[PDB]
Each structure stands twice: as structure tokens, then as C-alpha cells.
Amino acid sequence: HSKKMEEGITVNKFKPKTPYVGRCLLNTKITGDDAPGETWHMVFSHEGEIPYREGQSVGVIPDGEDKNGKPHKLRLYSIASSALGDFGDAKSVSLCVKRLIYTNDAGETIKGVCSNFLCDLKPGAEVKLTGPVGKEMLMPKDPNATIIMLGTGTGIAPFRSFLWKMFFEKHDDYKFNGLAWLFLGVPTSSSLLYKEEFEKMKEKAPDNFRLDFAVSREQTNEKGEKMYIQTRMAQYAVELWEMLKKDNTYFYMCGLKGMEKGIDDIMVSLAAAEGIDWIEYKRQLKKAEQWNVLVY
């Protein structure tokens, strides 16, 4: 029995040995020039060949060979579009990709293989895809569920997928009527991803959608602390902790590995304050499919 929309999902229809070859339709930079690092939203054509569901990922095999002449390893990317897609016809898939650039030991600049291949794609270019992959980030079956979403950076991807389904589409068998609450933590205002879309959703379903942004380098709390995602969340601690006590509440976290630790630190304290061991409570929540995490 599952609390998530797991029935009839498709997994690994396309594999690394036999990828699906799609084509780039659009590739747009969605962060301002201010932003530390660039993030691109790209859409690929798949002609209905990849039957994915909100919350899943696709693997991308970047062009070229590794230092051993073999083809590159695949890299996974959460799908940023709902099942119907940005165009509403179930024939395209969209990704949210941050261009990775770092420096090695010798002080030389190294560009990440797959992220740079992807952000450099031009409309018409082909791309090898695999998947769909995953069950961890699927949506709850319950249309009246309280869904709390916490993402950092590109971790916004699966939540854009969820929200398009919930607020931008009409479905024969699904009408969301619960409360969705999104918290998005980014470094700069120029790094807010998809804010415009979220703002329109908010106007559309003001009683079903709550929205909170945490711009670390630009906002501080009373003590004067940087506005990290948990720093903005602690401001609603009593409310969220009370929400976690209910059976119809589902927590999803996605983004940079770091975030996991800082939320756990806030939680351990709220729980102990009520005589609860967070480590055991979290375990029970994970078992009940109420605590869902995907960090990388």
C-alpha cells in the first residue's frame, strides 16, 4: 500500500546502453547577471516516448568519451516540468541546470562535464536521455494533503513539477484542495528561480498556497543572522512542528546536501522540548512516507 502516486509508474524504459535521443527546443538563462553562478531552464522534445510522473528524474549522457575512450557516465536531473509539460501536450521534458565551474588543486579552472554540455546546448541539438528514475519524490495520493516543500537552488525542480500539476492544470481525476507551502532558499534575489510562476499561482489559489523565500546574502533575522532556509523556517517553527503532528502532512526536501543538517538541528530542539526523540520520530515519519528527502 502506498501513500504516494506509485501505481503504474515507468522506470528505466530507456537505459544507458539504449538511450532515447531527444532534441533541444529551448535553453534560457534564468538567473540574473548578479547571481553567483548561472542556472538554465531547458526544454527537450521526447515525443511522448518518456512517460514520466512529477517527482521523477531523467539521466543525461553527455557527448564525448572519458579519459579511457568509453562514453561518459550518466548524470541525473530532477524533472522540472509536470507530466504534461511546459506546453501541456506530454511531449516535452524540462530541466533546471546550474552550470558547475570550480578550480582544481593547481588553481586551474575546471568545468563540470554534464552541466556545461547541457547549458551550452542550442535549439536543434540532440541529447541522450535515460529513465524515468525514482519513487522517492512522488506526490501523495491524497488531494487534500498538506504538502510542505523546502528546496535550495536547483532543488526547486521537483516542486515546480508538483505545482504545475496542482495549480496550472485541469485534470479529470485530480483536483488539489489541501495546503501547499513552499520555502525556497537562494543566495541572491537574482538567483530566485521561477518566482514569477509562483507569484501567479499564489494569486490563483491564495488559500491553498503559501510562499516563502529566503535570500541568504540579502536578508537577516532579528539577531542579525543570515536568512538561510532553516532561518526563515524557525520563524514558523511552532506552526510547522504542529503540522508534522498530523497524519495528512507530507514533508519534501530537495537540494544541496547541506540543508539536511540545518533543518535537523531546528527539529531536534522543538521535539525535545516536548519530550520527543527527533531521531526516532523522523524514522517513524520516513516509514509513513511523510518525510521525503533528495539531496545532492
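So that there is no doubt, residue numbering starts at 1 and follows the sequence shown.
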With respect to the recorded C-alpha B factors, which stretch has the higher mean value, 224-232 or 242-250?
224-232
Given 74-82 and 94-102, the range whose Cα B-factors average higher in the PDB entry
94-102
Based on what the PDB entry reports, which of 26, 266, 50, 61 has the top C-alpha B-factor?
266
Max C-alpha B-factor within the set 130, 109, 144, 208 falls on 109
Split into thirds by Cα B-factor across the chain's modelled residues, where does residue 256 land: lowest, middle or highest?
highest
Among the chain's modelled residues, which third holds the C-alpha B-factor of residue 191?
highest
Among the modelled residues of this chain, does the Cα B factor of residue 30 put it in the lowest, middle or highest third?
middle
Please place residue 217 in the lowest, middle or highest third of its chain according to the CA B-factor in the PDB entry.
highest
Would you please rank residue 200 by its C-alpha temperature factor against the other modelled residues of its chain and give the third it falls in: lowest, middle or highest?
lowest
